[PDB]
Amino acid sequence: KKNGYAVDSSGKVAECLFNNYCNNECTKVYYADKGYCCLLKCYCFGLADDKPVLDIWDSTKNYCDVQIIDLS
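Counting in the authors' numbering, the sequence shown runs without a single skipped number right up to 72 at its last residue.
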(Lines of atoms letter the chains of each structure in order from A; the text may use other names.)
(Lines give C-alpha, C1' and ligand atoms only; values in the text may rest on other atoms or scores of the structure.)
Protein backbone atom coordinates (compact mmCIF):
# COMPACT_ATOMS: atom_id res chain seq x y z
CA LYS A 1 0.00 0.00 0.00
CA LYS A 2 1.02 3.65 -0.50
CA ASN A 3 0.28 7.17 0.78
CA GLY A 4 -0.75 10.18 -1.25
CA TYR A 5 -3.44 12.61 -2.28
CA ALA A 6 -6.23 10.36 -3.51
CA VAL A 7 -8.07 11.63 -6.59
CA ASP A 8 -11.54 10.59 -7.69
CA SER A 9 -12.37 9.09 -11.12
CA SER A 10 -12.40 12.57 -12.63
CA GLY A 11 -8.92 13.22 -11.25
CA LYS A 12 -9.92 15.76 -8.58
CA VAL A 13 -8.59 15.75 -4.99
CA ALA A 14 -10.53 16.75 -1.93
CA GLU A 15 -9.63 20.22 -0.72
CA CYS A 16 -9.75 20.67 3.03
CA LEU A 17 -9.41 22.76 6.11
CA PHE A 18 -9.80 20.05 8.76
CA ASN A 19 -8.15 16.66 9.29
CA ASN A 20 -11.22 14.70 10.40
CA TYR A 21 -13.01 15.44 7.16
CA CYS A 22 -10.03 13.96 5.33
CA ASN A 23 -9.90 10.87 7.47
CA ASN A 24 -13.55 10.13 6.63
CA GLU A 25 -12.90 10.63 2.91
CA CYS A 26 -9.76 8.55 2.87
CA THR A 27 -11.19 5.59 4.81
CA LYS A 28 -14.84 5.64 3.65
CA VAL A 29 -14.23 6.49 0.00
CA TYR A 30 -10.76 5.18 -0.80
CA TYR A 31 -10.56 2.50 1.86
CA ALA A 32 -7.29 3.76 3.32
CA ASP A 33 -6.07 3.27 6.88
CA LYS A 34 -6.18 6.98 7.82
CA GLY A 35 -5.93 10.47 6.42
CA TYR A 36 -5.46 14.15 7.27
CA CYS A 37 -5.49 17.59 5.66
CA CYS A 38 -1.93 18.20 4.36
CA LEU A 39 -1.37 21.54 2.68
CA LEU A 40 -5.12 21.95 2.19
CA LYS A 41 -5.68 18.67 0.31
CA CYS A 42 -6.70 15.32 1.80
CA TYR A 43 -3.68 13.06 2.27
CA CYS A 44 -4.31 9.34 2.78
CA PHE A 45 -2.12 6.75 4.52
CA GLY A 46 -2.24 3.15 3.32
CA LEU A 47 -4.07 3.49 0.00
CA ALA A 48 -4.16 0.42 -2.25
CA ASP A 49 -1.31 0.33 -4.80
CA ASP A 50 -3.86 0.67 -7.59
CA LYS A 51 -5.49 3.78 -6.16
CA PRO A 52 -4.84 6.97 -8.19
CA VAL A 53 -2.98 9.66 -6.26
CA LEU A 54 -1.73 13.08 -7.40
CA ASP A 55 1.62 13.29 -9.10
CA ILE A 56 3.33 15.54 -6.53
CA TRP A 57 6.94 16.39 -5.63
CA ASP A 58 8.79 13.85 -3.52
CA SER A 59 9.60 16.70 -1.22
CA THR A 60 5.89 17.34 -0.66
CA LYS A 61 5.33 13.62 -0.26
CA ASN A 62 7.94 13.24 2.49
CA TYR A 63 6.63 16.40 4.08
CA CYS A 64 3.09 15.03 4.36
CA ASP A 65 4.30 11.61 5.51
CA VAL A 66 5.81 12.93 8.73
CA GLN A 67 2.58 12.98 10.68
CA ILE A 68 1.12 10.92 13.53
CA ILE A 69 -2.68 10.73 13.49
CA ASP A 70 -3.23 8.21 16.30
CA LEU A 71 -1.48 5.27 17.94
CA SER A 72 -3.66 2.47 16.61
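Ideal Cβ placement from N, Cα and C applies to all residues, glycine included.
If we ignore side chains and look at the alpha-carbon of each, how far apart do residue i and residue j end up?
| i | j | result |
| --- | --- | --- |
| residue 58 | residue 4 | 10 Å |
| residue 64 | residue 30 | 18 Å |
| residue 32 | residue 2 | 9 Å |
| residue 71 | residue 10 | 33 Å |
| residue 51 | residue 20 | 21 Å |
Between the options, which has its C-alpha nearest residue i's C-alpha?
| i | options | result |
| --- | --- | --- |
| residue 36 | 1, 15, 9 and 10 | 15 |
| residue 8 | 26, 46 and 39 | 26 |
| residue 67 | 55, 43 and 48 | 43 |
| residue 45 | 23, 12 and 55 | 23 |
| residue 60 | 21, 39 and 6 | 39 |
DSSP state of residue i, grouped into three classes?
| i | result |
| --- | --- |
| residue 7 | strand |
Whole-angstrom Cβ separation of residue i and residue j, contact assumed at under 8 Å?
| i | j | result |
| --- | --- | --- |
| residue 34 | residue 69 | 5 Å |
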